[PDB]
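Each chain, letter by letter, is given below.
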Amino acid sequence: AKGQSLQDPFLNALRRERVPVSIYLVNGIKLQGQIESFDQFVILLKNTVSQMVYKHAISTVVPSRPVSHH
Amino acid sequence: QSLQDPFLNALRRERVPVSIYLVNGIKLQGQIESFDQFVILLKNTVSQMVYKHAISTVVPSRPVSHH
Amino acid sequence: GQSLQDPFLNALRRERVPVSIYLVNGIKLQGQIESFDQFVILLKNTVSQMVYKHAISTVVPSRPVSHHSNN
Amino acid sequence: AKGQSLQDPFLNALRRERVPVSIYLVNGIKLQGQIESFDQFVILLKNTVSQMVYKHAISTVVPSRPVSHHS
Amino acid sequence: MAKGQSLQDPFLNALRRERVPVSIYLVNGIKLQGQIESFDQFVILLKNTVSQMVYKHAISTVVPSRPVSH
Amino acid sequence: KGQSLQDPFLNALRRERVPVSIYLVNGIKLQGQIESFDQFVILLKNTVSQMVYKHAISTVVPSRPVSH
RNA sequence: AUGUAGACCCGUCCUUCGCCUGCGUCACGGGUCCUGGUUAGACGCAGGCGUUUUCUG
């Protein structure tokens, strides 16, 4: 089969369940918060404020607890 | 679904002071004067063009009003 | 349109080969490839973490793998 | 504000008015000179010599004076 | 002569075919070495002790040990 | 309506066999002559030909002045 | 003898975001070539819309 898209479902499940995540940027910096919303190119990450994070600056998104899409 | 643009227009319109962190760790500050698919014009003492491909994060001083 | 990237990654995933993923900033991740898409890889160790391919330099499998018996 | 509206008009105004600029690269290096000409993908920067700077390596272009321009 | 533009794939294919030992320098300064086993639009498979997959977007230069004739 | 100078500039350097320095994004300086080049790569000749990805280059600077 | 043709040559008349559409402009003298060869592009003006960089410029 087509091989199913895994970036938008994964992020959406984190967003919907308000899972706390750590976002590591390419320069080593670690952001934390909850995924508020996201778009093809950015992610809105909410902690004390909403900050807009470019996907092209992200290395990894690692959730506090396991999340499943199917 | 576009929110980069709704999120960046709102900061511009409201003249919200922002911090822009670059991929190399540098922190820029100012107000978003105007901003496009490939750059953002950031105004402090002078207007300086900033390439979006060099930005990691845009973080506003004061929360901006979104849905 | 053609790729050896998808064929190579899928074999690692299917066989549950332990891999090391080196990022562009020098950081080394390890785990098994759980799934992947055009733009990311899900890497499983203690938890599943999502790794952007544009942050990866190399994927190096822990144990060598088959040619796929290519003709 | 839609499409590439600010990417090339701003550069042209610098180029035409021979405004001295500073170009900061993504690795922290600071170049200075006058924009001589620009492609979609590069900028020619003139000081003692003309050097070709890839845009993908640039973080910011900051002019010496706010352009004596519409803005 | 005449041509289609690309020399990136002919150059790589010649190295692969001739089993030329190469050095691949990554954008972070790391030096990889081996032989080019195969490659696609986006990656190169580099063989030493094991076959590892190298993203082209991480590569700065490919420099062959000895002459390649295109 | 604009112009393309990236591929005229290179191609003048390659034709005139001008010495050049290519600075990479990581600070490394390569030197040589442009031999062949492409949408995404430049072939740089010194003791051997090496293939340099454009996406790794910050600047190309000629030893001697030339026209765009 | 060389064209009710064409492609080049010579001479005379301060580039810049893309794209769709509509309107116009790309001329005049002379020269070479027993001539793979093209159906498009460029500039002017009007109107409209705009991939938001997530795997090589």
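Preceding this section is the structure that the text describes.
Conventions and cut-offs
- Residues numbered from 1 in each chain as written, not as in the entry; some residues may be left out.
- Chains lettered and ligands numbered in written order.
- Heavy atoms only, no water.
- Residues with missing side-chain atoms left out of burial classes, pairs and counts.
- Helix = DSSP H or I, 4+ residues; strand = E, 2+ residues; numbered from the N terminus.
- Rg over C-alpha atoms; globule rule 2.2 N^0.38 Å.
- Contact = heavy atoms within 4.5 Å.
- Buried area = accessible area lost by both parts, 1.4 Å probe.
- Polar contact = N/O pair within 3.5 Å; in protein donor to acceptor, adjacent residues only side chain to side chain.
- Pairing = 2+ DSSP bridges.
- Nonpolar A, V, L, I, M, F, W, Y, C, P; charged D, E, K, R; others polar.
- Near = heavy atom within 4 Å.

Caption draft 1: Broad picture of the overall build of chain E. When you go through chain E residue by residue, the secondary structure sums to one helix and five strands. For 70 residues, the compact-globule formula gives about 11 Å, and the C-alpha radius of gyration of chain E, at 12 Å, lands near that figure. Taking the contacts inside chain E whose residues are at least 6 apart along the sequence as the reference set, 43% of them involve residues at least 24 apart.

Caption draft 2: Spotlight on the overall build of chain C. Each helix and strand counted, chain C has one helix and five strands in total. Of the regular secondary structure in chain C, the N- to C-terminal order runs α-β-β-β-β-β. On C-alpha atoms alone, chain C measures out to a radius of gyration of 12 Å, which is about the 11 Å that the 2.2 N^0.38 rule sets for 71 residues. Its C-alpha atoms give chain C principal-axis dimensions of about 35 × 25 × 20 Å.

Caption draft 3: Here's a closer look at the interface of chain B and chain D. Contacts between chain B and chain D engage 18 residues on the former and 20 residues on the latter. For the pair chain B and chain D, the summed buried area comes to about 1,600 Å², and 61% of that belongs to carbon and sulfur atoms. For chain B, the biggest contributors to the area lost against chain D are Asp36(B), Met49(B) and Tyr51(B); these three give 35% of the whole. Linking chain B with chain D are eight residue pairs in polar contact, by the criterion used here. Top element by residues in the side of chain B that touches chain D is strand β4 (residues 47–51) of chain B. It accounts for five residues. Two elements, β4(B) and strand β5 (residues 58–63) of chain D, share two bridges in a ladder whose sense is antiparallel.

Caption draft 4: Focus on the interface of chain B and chain A. Across the boundary between the two partners, chain B contributes 18 residues, which contact 18 residues of chain A. Listing elements by their share of the side of chain B that touches chain A, those giving two or more residues are α1 (4–13) and β5 (55–60) of chain B. The biggest single contributor to the side of chain B that touches chain A is β5(B), with six residues. Its residues placed into classes, the side of chain B that touches chain A shows ten nonpolar, seven polar and one charged.

Caption draft 5: Seen up close, the protein's contact with RNA strand G. Every one of the 48 residues lining RNA strand G counts as a neighbour, but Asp39(A), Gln4(B), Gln37(B), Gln4(D) and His55(F) are closest to it. Backbone atoms, meaning sugar and phosphate, make up 53% of the atoms of RNA strand G lying within 4 Å of the protein. A distance of 2.4 Å separates a base oxygen of RNA strand G from a polar side-chain atom of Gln4(B). Take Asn12(D): an N or O atom from its side chain is 2.6 Å from a base oxygen of RNA strand G. Every element with two or more residues in the surface near RNA strand G is listed here: α1 of chain B, α1 (9–17) and β2 (30–38) of chain D together with α1 (6–15) of chain F. No other element matches α1(D), which puts four residues into the surface near RNA strand G. Partitioning the surface near RNA strand G into residue classes produces eleven nonpolar, 24 polar and 13 charged.

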